[PDB]
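Enquirer: Here you go, one structure.
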Amino acid sequence: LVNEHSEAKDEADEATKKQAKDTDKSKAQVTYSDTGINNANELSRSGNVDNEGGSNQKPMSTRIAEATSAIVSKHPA
Amino acid sequence: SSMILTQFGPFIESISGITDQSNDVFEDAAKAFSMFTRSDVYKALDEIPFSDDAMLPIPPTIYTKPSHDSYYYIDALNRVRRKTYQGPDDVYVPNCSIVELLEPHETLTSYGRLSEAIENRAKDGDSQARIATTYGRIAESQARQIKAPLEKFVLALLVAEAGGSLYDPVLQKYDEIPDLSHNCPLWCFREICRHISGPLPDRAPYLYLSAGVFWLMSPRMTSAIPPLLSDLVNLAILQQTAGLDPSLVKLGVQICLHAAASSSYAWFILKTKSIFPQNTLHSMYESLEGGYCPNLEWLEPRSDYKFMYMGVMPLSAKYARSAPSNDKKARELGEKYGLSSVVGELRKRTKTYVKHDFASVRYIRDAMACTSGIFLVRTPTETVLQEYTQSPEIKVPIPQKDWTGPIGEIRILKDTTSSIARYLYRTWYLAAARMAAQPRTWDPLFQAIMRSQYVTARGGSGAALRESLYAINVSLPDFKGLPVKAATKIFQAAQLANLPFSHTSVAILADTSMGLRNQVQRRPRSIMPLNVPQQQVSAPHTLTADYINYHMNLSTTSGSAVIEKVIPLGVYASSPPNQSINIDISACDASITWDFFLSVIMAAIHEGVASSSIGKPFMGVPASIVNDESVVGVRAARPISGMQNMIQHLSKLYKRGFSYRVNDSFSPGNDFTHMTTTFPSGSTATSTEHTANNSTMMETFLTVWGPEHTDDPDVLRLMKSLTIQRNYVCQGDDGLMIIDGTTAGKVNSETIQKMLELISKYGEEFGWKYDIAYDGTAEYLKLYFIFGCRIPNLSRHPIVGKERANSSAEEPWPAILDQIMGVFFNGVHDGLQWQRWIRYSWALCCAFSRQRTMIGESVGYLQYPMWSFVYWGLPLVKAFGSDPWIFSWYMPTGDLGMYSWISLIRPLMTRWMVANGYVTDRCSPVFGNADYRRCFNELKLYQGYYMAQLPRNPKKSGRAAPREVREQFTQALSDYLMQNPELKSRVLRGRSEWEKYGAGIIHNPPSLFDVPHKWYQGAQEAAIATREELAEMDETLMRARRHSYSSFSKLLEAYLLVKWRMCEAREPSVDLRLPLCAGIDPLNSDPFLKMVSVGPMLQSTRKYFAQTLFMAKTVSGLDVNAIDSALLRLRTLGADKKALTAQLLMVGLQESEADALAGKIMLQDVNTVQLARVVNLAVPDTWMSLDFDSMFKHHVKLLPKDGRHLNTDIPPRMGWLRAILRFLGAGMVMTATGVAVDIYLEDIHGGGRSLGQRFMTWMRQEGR
Amino acid sequence: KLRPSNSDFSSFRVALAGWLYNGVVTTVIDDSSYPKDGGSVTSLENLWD
RNA sequence: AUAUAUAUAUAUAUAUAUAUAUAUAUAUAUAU
RNA sequence: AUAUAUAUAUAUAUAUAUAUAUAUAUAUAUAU
RNA sequence: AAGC
């Protein structure tokens, strides 16, 4: 549950760290982040947004349960 | 207190500003001081009615301490060692009972010394006896670290404070320093002494004598008592003198008590030395409200250290503390030693200050003053086995596949190397190349100066040299019967006068003796005193390091005197929005070995010298031939220069290591030889080399490694914005980084934090431990700055402590006066409350002004009149019916201060003198019709003035010595000095020319021929004095005192002919509400007023006085000031330029520049400061921290205000009087209490010409 | 000059009260209220007076 | 399912800016 | 020194909000 | 033995 911009940046940083580890150096000579390109609008898939364009602040099954439980009726008094 | 006032009524009333001072009252008080006894002082202590607030619990644990047996053991090498229970550092003296090792002293049954019988079994070889005697001797040494018995200081404090509160002449009110009834340290001192003494009628827990210490036989005595008493008396003095807050003093006392109640007092103090800084200075202004911050500018070139003051900038919350919080660390430290409370109140009090003013800096200074100030003492064996046993950790080493074939001992480093060593090699390469190309290197005089530099009257481990030479069957002259020490480097040079270098080649690989120094709040430091050939062969290293420090980096050369450092650097660095980084190298000497550094620097120096130096000898070292193997396959021979020969030998020595010789005087049977690789501390190349490597490594980090090891763009931008020529200042292992505040405020703290982590990581892979501090404060050379205000550290100037490392007895009586005056001046620089400090200094001067002597039934008393101290620079309080507290300790010393205060109070002095019947008929230009010639004699003022100039050390000169042996010694020294025939011919030419022309004008022409005589005298004076020399002292002082005089020196009589005229005050130099030096505030009026009227010295003194001389450096033994004075005397007395040429030729300058400089000096005009030295006029040491130059230039007007007068005319060719009279005006203006005042010349009695004739007469007659 | 902290205003009420008894009481400004020594236009304090 | 590290919601604890009013005494001025 | 007018300073008293950290619950990776 |  993160902002997609933020996950794109963090996910680039992870790639840079993995590159540094592969090259066996303290720095990665080839970086996927902090480049000259202003990729501010870049988006990446995240678990924050459902398939309907809504927010996943509450799980979909929970929404279905609450919606369906507002109509149930019980036996008469 | 009744007996105190009974004995010192008149004296206290005189030194408290109630009655006029007089010699007779002073001597009566001195006699009373000499007539007390220890128990009498304690009974006096019993009468102070201490208040409740000075009460605090004392743990019972201090008195009851275990035996010393479990703290020591014997190693496999049959050496006594300290058993460690708290960690690797628990090697200090434990806290153990002692009384069961004491033999009662005859006639002093209550006291005793270490048992002599135990000493007998110790020297036999017993184990327990050895342990016991080691413990006893080390405890005695720990208790001997004071200047004088504490009872003297305590009694002097009692006498001073019996006078009550002081009246402020400027504030027109009374100070509110609480009396002794609220002095917690004195109450603790009295209670602990009484509890130790108990029923026994003697009160002193121990007795400090020159021969050592005697312990009181009590079952509650502990080895930890003496240091505790020293700390308590220091704190008690400081609270009453500087007006410390009693609440903080109580915390300091609590820390001292906790230290006593621990297993080892010294170890505890060492481990807890940083509570006050970490809780007050490093955590200050967390929430900021307002205040002022000075606006300083760093001009160009920054190499010049040129700063100019602009003004004040209001502060704001924008500049609150932003360094990482240290709360967790402080709490952990306080918890680990059971002082969490003290930390709690320290933090709580610190949070209370939100504005930057005088109050906050005063609080910080008071908090810092409460740290203990003992000299940590531990046995030499543990120091050696703890300090030389660690080695660098080269985490990333230079690959072995990156070296060439050997050239003798060196090995050339390839240029394809991936290591960072390449830049270090390049830097040293260029440094050596630029050094060797200087023509002055080949000048014989320069080489002679370098040779003489390390020829001093200090030790050089000559014995090891002797058996090293005997190892190859070479016998040195013995100089039998010489009344000089053989254990001096002068003696070594004399014995090494006429030997070939090939014969002395093996001497470099000799051993090294021992040497220790104790410090305050720091572990004792060890020294390796290299011998003469080692110093000789270490030259190129020193020269290259000097070149680097002089040219390629920012590096100072100032000493540890507070005056000579760069205050502007610190004040600029601490001021926001600038930020400072404090960088230190832990165990710097132990971190430089052959593995990484030496193998590169030696190769670089050897290679970067061959071109500019091929086929030339040097320093006596000749050229030689070495094997060549750099290129593959081809192995050839190669000539090398003298420097390269020295490099080869020094490389051999560095590769092998070092051979330290130890002789533990506190431990019988503890002596051996220790092989170590630690870089020597006693050599001449230590500090310069350390500074050079510091700068080089910092630049390498900022340029190559650092940019390649971090990826955060902010860190990259920051690092690319930093360079060493702009931002880094280094000296030895201490360095400072300045982060210039940006246009948007100040640099983000997170970026600084990550950069610091980068430096910390970068230091490890070549084995350097970077101790880095970033807390919003600036520290350099143990000077502390916060927000542009410097905080003096009182604790590092112990009042009573004195460093004693050896077992030798202490000094004869008159020597202690120098230490007392030094204490007074240390208090002056540290900024204590001036009135209380002056009163207390007078008390001490009284307490030490008398001495019993035995002259063979001629039992006499040596007594110094009060005037001798005044001549020594201690200001008066009230005399001759004048107003009290009208003088300031910015008074100069010697004749200048005397003239100043006479000039200030001449009329009152005359009226007082007449009113007392001292009336005569011969009208005097200075005193009218006053009979001063007898009043001064009976007031002992003449006597005090004259005896204040006698040498108060024994003059070992004149001892009987055979003519043959003495002349052999002198000729050997001269032969050693005069190697190159060119220099000898120069000196002969100078002597002949001087006899032709300059003979008869002055009687003491400095010359290179006098160096052997001065060396012999210095070596002779280094020996231990005997009893008849002390008798010579005593009879000389008695002769001086009993005599009668008629005038002062000619110079002072000349000075009194000049009178001035005070006028309207100056203009303020800085804003009145800007804190600059902590404690210098409105409650400290006179220093505050002087500082704001004159202004701080905003330019470093070393560079300022570098231009006040003609010759920068001379041969060790001669004084540059002496040569300058001789030259200016010759010019003034009308001698022609050939005389000056001759004089320059004696000191060895070559003929052509000798003539050039002689002519230039004759026709040149010189500065006031440089010109005033002809009459031994020097700037007072206390003025160094003030802007005296501008006040010389534009506030001492030599023209009368009303217009030209008849007598104030200077003859045209006597312009140097313009230089002298400026000093007189300066002394008059500075001596007076209050603000600086514009001063105008008024009149000279005899006219300018007569004054000039008198001065020239003195100039000619001196030196006879 | 105005001294706003003062809280006495009897003069104001008395001035109004005097209007009813014009025939026997004549209210005038006390001479101490006039500029000192005649005053001058060169003084700020006199201008405020 | 548990432990270490990281993230969100909830609760508790901790920390922090600024402001207002009266008397006496004191300071300045006047009178004795 | 007494009285009056004007002004500065210390002390006592009173309110809100927010943010940070820690802890509990849920999950992923490694280990059991 | 006791440095720069």
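A note on labels: chains of the structure tokens are A, B, ... as shown, every chain counts residues from 1, and ligands are counted from 1 in their shown order.
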For residue 29 (chain E), find every residue with an atom within 12 Å (counting only C-alpha atoms (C1' of nucleotides)), except residues of its own chain fewer than 6 positions away, and show them as a list in words.

Expert: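 Counting only C-alpha atoms (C1' of nucleotides), the residues come to residues 4, 5 and 6 of chain D.
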
Enquirer: Tell me as a PDB file with N, CA, C and O atoms, in the first residue's frame which residues belonging to chain B come within 8 Å of chain A, counting only C-alpha atoms.

Expert:
ATOM      1  N   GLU B 708      33.962   8.558  -5.622  1.00  0.00           N
ATOM      2  CA  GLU B 708      33.790   7.259  -6.248  1.00  0.00           C
ATOM      3  C   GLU B 708      33.105   6.257  -5.325  1.00  0.00           C
ATOM      4  O   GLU B 708      32.829   5.132  -5.746  1.00  0.00           O
ATOM      5  N   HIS B 709      32.755   6.653  -4.102  1.00  0.00           N
ATOM      6  CA  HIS B 709      32.221   5.714  -3.125  1.00  0.00           C
ATOM      7  C   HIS B 709      30.850   6.114  -2.586  1.00  0.00           C
ATOM      8  O   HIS B 709      30.307   5.412  -1.727  1.00  0.00           O
ATOM      9  N   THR B 710      30.276   7.216  -3.061  1.00  0.00           N
ATOM     10  CA  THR B 710      28.953   7.620  -2.611  1.00  0.00           C
ATOM     11  C   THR B 710      28.111   8.023  -3.812  1.00  0.00           C
ATOM     12  O   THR B 710      28.617   8.530  -4.814  1.00  0.00           O
ATOM     13  N   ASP B 711      26.805   7.796  -3.695  1.00  0.00           N
ATOM     14  CA  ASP B 711      25.914   7.950  -4.837  1.00  0.00           C
ATOM     15  C   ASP B 711      24.821   8.986  -4.608  1.00  0.00           C
ATOM     16  O   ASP B 711      24.134   9.384  -5.554  1.00  0.00           O
ATOM     17  N   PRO B 713      23.192  12.314  -4.594  1.00  0.00           N
ATOM     18  CA  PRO B 713      23.613  13.532  -5.310  1.00  0.00           C
ATOM     19  C   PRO B 713      23.948  14.693  -4.395  1.00  0.00           C
ATOM     20  O   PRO B 713      24.837  15.490  -4.719  1.00  0.00           O
TER      21      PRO B 713
END

Enquirer: For the helix (DSSP H, G or I) assignment from backbone DSSP, which residues of region 623-769 of chain B qualify? Please present them as a VMD selection string.

Expert: chain B and resid 642 to 656 686 to 705 713 to 720 724 to 727 749 to 764

Enquirer: Would you kindly report the residues of chain C within 12 Å of chain E, using only C-alpha atoms (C1' of nucleotides), as a PDB file with N, CA, C and O atoms, in the first residue's frame?

Expert:
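As written to disk, iface.pdb reads:
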ATOM      1  N   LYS C   1       2.914  62.866  25.691  1.00  0.00           N
ATOM      2  CA  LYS C   1       2.210  64.075  26.098  1.00  0.00           C
ATOM      3  C   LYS C   1       0.797  63.763  26.568  1.00  0.00           C
ATOM      4  O   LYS C   1       0.309  64.371  27.525  1.00  0.00           O
ATOM      5  N   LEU C   2       0.121  62.829  25.905  1.00  0.00           N
ATOM      6  CA  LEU C   2      -1.254  62.526  26.274  1.00  0.00           C
ATOM      7  C   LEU C   2      -1.343  61.687  27.539  1.00  0.00           C
ATOM      8  O   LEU C   2      -2.303  61.835  28.301  1.00  0.00           O
ATOM      9  N   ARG C   3      -0.367  60.819  27.778  1.00  0.00           N
ATOM     10  CA  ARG C   3      -0.362  59.932  28.932  1.00  0.00           C
ATOM     11  C   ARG C   3      -1.664  59.147  29.004  1.00  0.00           C
ATOM     12  O   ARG C   3      -2.502  59.409  29.875  1.00  0.00           O
ATOM     13  N   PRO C   4      -1.880  58.195  28.097  1.00  0.00           N
ATOM     14  CA  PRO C   4      -3.154  57.462  28.091  1.00  0.00           C
ATOM     15  C   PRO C   4      -3.385  56.622  29.329  1.00  0.00           C
ATOM     16  O   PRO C   4      -4.538  56.273  29.610  1.00  0.00           O
ATOM     17  N   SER C   5      -2.336  56.273  30.072  1.00  0.00           N
ATOM     18  CA  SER C   5      -2.518  55.409  31.233  1.00  0.00           C
ATOM     19  C   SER C   5      -3.353  56.082  32.313  1.00  0.00           C
ATOM     20  O   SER C   5      -4.026  55.394  33.086  1.00  0.00           O
ATOM     21  N   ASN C   6      -3.324  57.409  32.381  1.00  0.00           N
ATOM     22  CA  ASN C   6      -4.099  58.116  33.388  1.00  0.00           C
ATOM     23  C   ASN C   6      -5.583  57.859  33.182  1.00  0.00           C
ATOM     24  O   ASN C   6      -6.061  57.750  32.053  1.00  0.00           O
TER      25      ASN C   6
END

Enquirer: Using CA of residue 53 (chain A) and CA of residue 69 (chain A) as the two end points, give the distance in Å to one decimal.

Expert: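 Calculated distance between CA of residue 53 (chain A) and CA of residue 69 (chain A) is 23.6 Å.
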
Enquirer: Run DSSP on the backbone of this structure and report the residues of region 335-572 of chain B it assigns to strand (DSSP E), as a PDB file with N, CA, C and O atoms, in the first residue's frame.

Expert:
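Saved as selection_8.pdb:
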ATOM      1  N   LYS B 355      18.398  31.742  24.775  1.00  0.00           N
ATOM      2  CA  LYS B 355      19.013  32.898  24.147  1.00  0.00           C
ATOM      3  C   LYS B 355      20.526  32.797  24.248  1.00  0.00           C
ATOM      4  O   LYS B 355      21.072  32.267  25.217  1.00  0.00           O
ATOM      5  N   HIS B 356      21.202  33.315  23.235  1.00  0.00           N
ATOM      6  CA  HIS B 356      22.659  33.313  23.177  1.00  0.00           C
ATOM      7  C   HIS B 356      23.151  34.650  23.714  1.00  0.00           C
ATOM      8  O   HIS B 356      23.101  35.666  23.017  1.00  0.00           O
ATOM      9  N   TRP B 403      55.193  -3.395  -7.532  1.00  0.00           N
ATOM     10  CA  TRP B 403      56.468  -2.843  -7.110  1.00  0.00           C
ATOM     11  C   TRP B 403      57.558  -3.251  -8.086  1.00  0.00           C
ATOM     12  O   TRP B 403      57.446  -4.260  -8.787  1.00  0.00           O
ATOM     13  N   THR B 404      58.612  -2.449  -8.127  1.00  0.00           N
ATOM     14  CA  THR B 404      59.753  -2.707  -8.985  1.00  0.00           C
ATOM     15  C   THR B 404      60.808  -3.501  -8.216  1.00  0.00           C
ATOM     16  O   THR B 404      60.554  -4.028  -7.131  1.00  0.00           O
ATOM     17  N   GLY B 405      62.005  -3.605  -8.783  1.00  0.00           N
ATOM     18  CA  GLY B 405      63.122  -4.194  -8.090  1.00  0.00           C
ATOM     19  C   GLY B 405      63.700  -3.228  -7.079  1.00  0.00           C
ATOM     20  O   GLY B 405      63.519  -2.012  -7.175  1.00  0.00           O
ATOM     21  N   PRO B 406      64.412  -3.752  -6.089  1.00  0.00           N
ATOM     22  CA  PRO B 406      64.926  -2.888  -5.023  1.00  0.00           C
ATOM     23  C   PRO B 406      66.113  -2.063  -5.483  1.00  0.00           C
ATOM     24  O   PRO B 406      66.941  -2.504  -6.282  1.00  0.00           O
ATOM     25  N   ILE B 407      66.190  -0.848  -4.954  1.00  0.00           N
ATOM     26  CA  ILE B 407      67.346   0.031  -5.127  1.00  0.00           C
ATOM     27  C   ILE B 407      67.962   0.190  -3.744  1.00  0.00           C
ATOM     28  O   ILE B 407      67.601   1.086  -2.978  1.00  0.00           O
ATOM     29  N   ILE B 410      65.087   0.753  -0.941  1.00  0.00           N
ATOM     30  CA  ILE B 410      63.809   1.271  -1.411  1.00  0.00           C
ATOM     31  C   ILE B 410      63.279   0.405  -2.543  1.00  0.00           C
ATOM     32  O   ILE B 410      63.996  -0.439  -3.090  1.00  0.00           O
ATOM     33  N   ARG B 411      62.018   0.619  -2.900  1.00  0.00           N
ATOM     34  CA  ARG B 411      61.371  -0.126  -3.972  1.00  0.00           C
ATOM     35  C   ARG B 411      60.387   0.812  -4.654  1.00  0.00           C
ATOM     36  O   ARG B 411      59.492   1.347  -3.995  1.00  0.00           O
ATOM     37  N   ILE B 412      60.551   1.010  -5.955  1.00  0.00           N
ATOM     38  CA  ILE B 412      59.772   2.011  -6.676  1.00  0.00           C
ATOM     39  C   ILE B 412      58.357   1.502  -6.897  1.00  0.00           C
ATOM     40  O   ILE B 412      58.134   0.313  -7.153  1.00  0.00           O
ATOM     41  N   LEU B 413      57.392   2.410  -6.793  1.00  0.00           N
ATOM     42  CA  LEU B 413      55.987   2.062  -6.926  1.00  0.00           C
ATOM     43  C   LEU B 413      55.528   2.336  -8.352  1.00  0.00           C
ATOM     44  O   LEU B 413      55.766   3.420  -8.891  1.00  0.00           O
ATOM     45  N   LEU B 516      59.139  10.062  29.546  1.00  0.00           N
ATOM     46  CA  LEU B 516      57.702  10.120  29.738  1.00  0.00           C
ATOM     47  C   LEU B 516      57.267  11.530  30.101  1.00  0.00           C
ATOM     48  O   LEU B 516      58.036  12.322  30.649  1.00  0.00           O
ATOM     49  N   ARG B 517      56.012  11.827  29.784  1.00  0.00           N
ATOM     50  CA  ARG B 517      55.377  13.073  30.183  1.00  0.00           C
ATOM     51  C   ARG B 517      53.952  12.760  30.604  1.00  0.00           C
ATOM     52  O   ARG B 517      53.274  11.965  29.948  1.00  0.00           O
ATOM     53  N   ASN B 518      53.510  13.363  31.699  1.00  0.00           N
ATOM     54  CA  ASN B 518      52.141  13.217  32.159  1.00  0.00           C
ATOM     55  C   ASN B 518      51.318  14.421  31.720  1.00  0.00           C
ATOM     56  O   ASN B 518      51.823  15.540  31.630  1.00  0.00           O
ATOM     57  N   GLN B 519      50.041  14.178  31.448  1.00  0.00           N
ATOM     58  CA  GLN B 519      49.144  15.222  30.983  1.00  0.00           C
ATOM     59  C   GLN B 519      47.897  15.225  31.854  1.00  0.00           C
ATOM     60  O   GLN B 519      47.677  14.325  32.666  1.00  0.00           O
ATOM     61  N   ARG B 522      44.476  12.899  30.326  1.00  0.00           N
ATOM     62  CA  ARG B 522      45.041  12.190  29.191  1.00  0.00           C
ATOM     63  C   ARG B 522      46.083  11.211  29.702  1.00  0.00           C
ATOM     64  O   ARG B 522      46.780  11.493  30.678  1.00  0.00           O
ATOM     65  N   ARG B 523      46.185  10.067  29.036  1.00  0.00           N
ATOM     66  CA  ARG B 523      47.142   9.061  29.448  1.00  0.00           C
ATOM     67  C   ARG B 523      48.564   9.591  29.286  1.00  0.00           C
ATOM     68  O   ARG B 523      48.827  10.423  28.415  1.00  0.00           O
ATOM     69  N   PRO B 524      49.492   9.141  30.127  1.00  0.00           N
ATOM     70  CA  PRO B 524      50.874   9.616  30.017  1.00  0.00           C
ATOM     71  C   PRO B 524      51.448   9.301  28.647  1.00  0.00           C
ATOM     72  O   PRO B 524      51.159   8.263  28.051  1.00  0.00           O
ATOM     73  N   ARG B 525      52.264  10.218  28.148  1.00  0.00           N
ATOM     74  CA  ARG B 525      52.824  10.110  26.813  1.00  0.00           C
ATOM     75  C   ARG B 525      54.288   9.701  26.876  1.00  0.00           C
ATOM     76  O   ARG B 525      55.056  10.199  27.701  1.00  0.00           O
ATOM     77  N   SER B 526      54.664   8.789  25.986  1.00  0.00           N
ATOM     78  CA  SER B 526      56.021   8.280  25.893  1.00  0.00           C
ATOM     79  C   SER B 526      56.753   8.954  24.741  1.00  0.00           C
ATOM     80  O   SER B 526      56.140   9.456  23.795  1.00  0.00           O
TER      81      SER B 526
END

Enquirer: Output the contact residues of chain D with respect to chain A at a cut-off of 12 Å, based on only C-alpha atoms (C1' of nucleotides), as number ranges by chain.

Expert: D: 7-9

Enquirer: Output the selection as a PDB file, in the first residue's frame - N, CA and C atoms (P, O5', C5', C4', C3', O3' and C1' of nucleotides) for each residue.

Expert:
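For reference, result_34.pdb as written:
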ATOM      1  P     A D   7       9.683   1.844   8.560  1.00  0.00           P
ATOM      2  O5'   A D   7       8.300   1.580   7.817  1.00  0.00           O
ATOM      3  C5'   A D   7       8.101   2.000   6.475  1.00  0.00           C
ATOM      4  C4'   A D   7       6.765   1.544   5.943  1.00  0.00           C
ATOM      5  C3'   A D   7       5.546   1.982   6.741  1.00  0.00           C
ATOM      6  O3'   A D   7       5.120   3.298   6.426  1.00  0.00           O
ATOM      7  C1'   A D   7       5.406  -0.335   6.293  1.00  0.00           C
ATOM      8  P     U D   8       4.393   4.199   7.541  1.00  0.00           P
ATOM      9  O5'   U D   8       2.883   3.696   7.519  1.00  0.00           O
ATOM     10  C5'   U D   8       2.050   3.937   6.396  1.00  0.00           C
ATOM     11  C4'   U D   8       0.708   3.265   6.541  1.00  0.00           C
ATOM     12  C3'   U D   8      -0.105   3.643   7.772  1.00  0.00           C
ATOM     13  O3'   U D   8      -0.842   4.838   7.600  1.00  0.00           O
ATOM     14  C1'   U D   8      -0.019   1.285   7.586  1.00  0.00           C
ATOM     15  P     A D   9      -1.161   5.781   8.862  1.00  0.00           P
ATOM     16  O5'   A D   9      -2.330   5.015   9.630  1.00  0.00           O
ATOM     17  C5'   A D   9      -3.629   4.917   9.068  1.00  0.00           C
ATOM     18  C4'   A D   9      -4.526   4.030   9.894  1.00  0.00           C
ATOM     19  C3'   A D   9      -4.697   4.428  11.352  1.00  0.00           C
ATOM     20  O3'   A D   9      -5.695   5.419  11.543  1.00  0.00           O
ATOM     21  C1'   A D   9      -4.131   2.135  11.238  1.00  0.00           C
TER      22        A D   9
END

Enquirer: Do a neighbour search on residue 19 (chain E) at 12 Å with only C-alpha atoms (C1' of nucleotides), toss out local chain neighbours closer than 4 positions, and write the hits as a list in words.

Expert: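 Counting only the stated atoms, we get residues 14, 15 and 16 of chain D.
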
Enquirer: If we count only C-alpha atoms (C1' of nucleotides), which residues of chain B reach to within 12 Å of chain D? Please list them as a PyMOL selection string.

Expert: chain B and resi 286-289+317+351

Enquirer: Give me the residues within 6 Å of residue 879 (chain B) as a ChimeraX atom specification, counting only C-alpha atoms (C1' of nucleotides) and dropping any in the same chain fewer than 2 places off.

Expert: /B:20-21,881-882
